[PDB]
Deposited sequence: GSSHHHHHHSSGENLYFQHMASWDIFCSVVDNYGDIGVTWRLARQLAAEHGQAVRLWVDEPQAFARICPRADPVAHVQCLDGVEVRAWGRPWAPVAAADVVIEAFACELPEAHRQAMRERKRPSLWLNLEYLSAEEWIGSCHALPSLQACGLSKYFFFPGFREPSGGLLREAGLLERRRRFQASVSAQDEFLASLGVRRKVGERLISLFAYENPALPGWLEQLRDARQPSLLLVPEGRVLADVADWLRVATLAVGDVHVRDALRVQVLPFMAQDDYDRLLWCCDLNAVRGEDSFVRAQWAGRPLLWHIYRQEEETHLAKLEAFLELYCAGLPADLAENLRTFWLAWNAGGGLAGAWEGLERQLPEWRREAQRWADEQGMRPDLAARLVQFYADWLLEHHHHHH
């Protein structure tokens, strides 16, 4: 015997990949690490196929890594509701599903999974119940970088695996070779995952004109047209390499989520965006550059306050200036010169940040614990 609860996770893909990226990561961890029964409902199967190449985008139901991945139909096909229903990022549940949740002898626990924020105020709202009209309550679940919050997604054993990988030159060289990448001695490795960014050509010129060489690895995506314009090339295809003095640019394929982790683990600096890659870059224990797509400023400044609190003043000031300019479309010159000379110290601090965050109970564990305490309380039992 083993305790098993069922989970419905609802995901509406509006733009980009992090909403399915985060809910898929969570779904897989609930199934694989906690032995839960998980249904992940996705309204756009093509997005899911991008982050999970094993998936069949035309199938209405399929089982991947123990998760039952199901197409969110229009119109909605009525099904029974799980023990827990997660409404990710306020995507709005099907009406018939709310009826099914309330008809159960034990009504479904209804959670709203929120976007991640370092803003202090989310602590006052984490786990807040909200009575709905139908008589069910939902609970807001706010991931966060400090307590109280719902924590951060982090797989069992992740940092131990990351440390072993980064300690093995051969493991890194083998992984990079599988992408067609061969680092040169003394060449700094930078990954670029961003939105369209008018600050990019100014940074590329600084990488081109530097004393030390850089290899810029660009998974296919938005920013590639911007890079192609800066390179003055009409086409940029997977596998293409272009050299501009101290800067080498190489186009990567858009790879599976786990392979993208390994890329982040190889690089000396990871430019990332959104929500999931933002956190994966932190688990990589390496310098990072975060692109939020434009009321984004509150989240950016709040994270900088927390992330910079442990850095030396000069590193903190250059990091903040660069990140703000990176998200404001220009003004990177003085920031990058000063920031580049501090990358070794920043790397040591990034490792410490990852280790400290790694001591906090991870988000999936907190979610499973939330259900356990809620269930016991629902039956007026001790804990």
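In this entry, the deposited residues absent from the coordinate set span 1 to 16, 311 to 314.
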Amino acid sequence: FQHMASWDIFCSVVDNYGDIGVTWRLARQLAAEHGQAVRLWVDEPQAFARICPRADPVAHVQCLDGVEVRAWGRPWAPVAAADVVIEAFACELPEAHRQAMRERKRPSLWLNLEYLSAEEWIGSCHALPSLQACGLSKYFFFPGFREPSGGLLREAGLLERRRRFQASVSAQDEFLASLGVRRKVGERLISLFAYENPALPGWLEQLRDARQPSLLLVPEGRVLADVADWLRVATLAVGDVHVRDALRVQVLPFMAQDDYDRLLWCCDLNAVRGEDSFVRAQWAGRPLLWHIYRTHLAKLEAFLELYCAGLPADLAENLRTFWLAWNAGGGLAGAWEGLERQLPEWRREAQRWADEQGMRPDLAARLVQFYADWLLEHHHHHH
From here on, numbers count along this sequence of modelled residues.
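Of the other compared PDB entries of this protein that include residues on both sides, all give residue 12 atoms, none of them, and so not a third, leaving it without. Gaps at residue 294 occur in at least a third of the other compared entries of the protein that contain both adjacent residues. Here 151 to 159 and 309 to 317 are compared by their mean Cα B-factor, and 309 to 317 comes out higher. As the entry records it, the average C-alpha temperature factor is higher for 9 to 17, out of 9 to 17 and 365 to 373.
For the set 37, 354, 47, 26, the PDB entry puts the maximum C-alpha B factor at 47. Looking only at 285, 201, 144, 107, the residue with the top Cα B factor in the deposited structure is 201. For residue 169, the recorded CA B-factor ranks within the highest third of the chain. Only modelled residues enter the ranking.
Ranked against the other modelled residues of its chain, the C-alpha B-factor of residue 195 as given in the entry falls in the middle third. Per the PDB record, residue ranking by Cα B-factor puts residue 115 in the lowest third of the chain.
Residue 74 sits in the highest third of its chain by CA B factor, as recorded in the PDB entry. The PDB entry assigns residue 61 a C-alpha temperature factor belonging to the highest third of its chain's modelled residues.
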